[PDB]
Amino acid sequence: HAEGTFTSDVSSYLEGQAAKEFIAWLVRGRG
Ligand SMILES: *C(=O)CC[C@H](NC(=O)CCCCCCCCCCCCCCC)C(=O)O
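Using mature numbering (1 follows the signal peptide of the UniProt record, and there is no 0), you'd call the opening residue of the sequence shown number 78 and step up by one each time.
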């Protein structure tokens, strides 16, 4: 019985992975 991945990911969600992933689209083809 062990814990799952979160202690680390909890620090990345602050920036947004999947969501913000879109920011790359606009920035890379929107002026
Ligand atoms: C994090 O990604 C949550 C944001 C969330 N999703 C979206 O906004 C989807 C984007 C579609 C809207 C049209 C694009 C405008 C985005 C511009 C934001 C600044 C990025 C520019 C970087 C140089 C939401 O809040 O709707």
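Quick reminder that beta carbons are idealized off the backbone N, C-alpha and C, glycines included.
- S89 has its alpha-carbon roughly 11 Å from the corresponding atom of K97.
- Boundaries of the alpha helix (DSSP H) around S89: 86 to 89.
- Secondary structure note for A101: its alpha helix (DSSP H) is the uninterrupted segment 100 to 104.
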